[PDB]
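Structure first, commentary second.
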Ligand SMILES: NS(=O)(=O)c1ccc(-c2cccc(C=O)c2)cc1
Ligand SMILES: [Zn+2]
């Protein structure tokens, strides 16, 4: 199946998912000097006060924290978005070393990791329907650099030993994703895609300019996860990022001057 290795990695995905070579693929390099400030972008609204986390899961490509999306509890609105988008899950992409791991890049700079908070447009009723629409999903992307620890990440890090291998999950209730956000909500936005198969062109990307800092100990715990299932040859879950794709006929807009 698809993965991040030499024989099943991003350069192979187009064979099973031809949209991999499409017109609005993600991630992209964000050229900060070419992105244009758009004074018409309304303010971004992150309303996570009523979030209900459910489970944490190793899916063989990342780990994810899942939320109750059966009501408007944790929602993203405003910015470039029309309507209301419910938080379904968050997950990360990271590297084998601190100089790579992010999917988006900024003036070709790679960060150590990237957090994706995945939301779907309630006008389509369920996420499966939303993935079939050009404005079905909104992903809030946040860069991670290594320095000081992020206290709001520690509860995640401390349960990873319980989901080491593909297929494992654990209860992960009462987690507050507000603890993963930087101070500023300044952002870049563009129309793109899922960065893992099926690579559907259904995402409004909102990438925050301000990274969060995490400690070396925190990212080291990400790197102890396994791509493999229990009993199979151990292959560390590292470098689970897709590289930047061609921008093609798109403009990246900035919310800030
Ligand atoms: N990495 S990312 O662009 O944030 C991302 C977010 C959500 C998905 C997703 C959504 C729904 C179904 C599936 C798999 O069938 C994948 C896939 C990729
Ligand atoms: Zn992702």
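Quick note: the coordinates plus some simple rules give every number you see, no bench work behind them. Note that each Cβ is placed from the backbone with ideal geometry, even for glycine, and that neighbours are counted across all protein chains shown.
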Relative exposure of 137, 87, judged by other C-beta atoms within 10 Å (fewest first): 137, 87
Span per principal axis, largest first, for the Cα atoms of the range 44-152 (Å): 40, 31, 26
Inter-part distance where the range 181-254 and the range 93-160 are each reduced to a Cα centre, Å: 5 Å
Cβ crowding within 10 Å averaged over residues, with 189-196, 15-22 ranked highest first: 189-196, 15-22
The range 143-257: C-alpha gyration tensor shape, a/c 1.5 cut-off, then a/b vs b/c: oblate
Residue 108-residue 47 pseudo-label distance in nm [points 7 Å out on the Cα-to-Cβ vector]: 4.3 nm
Sorted peptide list for 101-108, 116-123, criterion being average Cβ within 10 angstrom, highest first: 116-123, 101-108
Rounded if a/c under 1.5, otherwise prolate or oblate - the range 12-84, Cα gyration tensor axes: oblate
Sequence of 203, 156 once ranked by neighbouring C-beta atoms within 10 Å, starting from the fewest: 156, 203
Prolate/oblate/rounded label for the chain (Cα gyration tensor, a/c 1.5): rounded
Neighbour-count order for 48, 85, 187, fewest beta carbons within 10 angstrom listed first: 48, 187, 85
Relative contact order [Cα under 8 Å, 6+ residues apart], the range 1-71, whole percent: 16 percent
Relative contact order (%) - the chain, alpha-carbon pairs under 8 angstrom, separation at least six: 26 percent
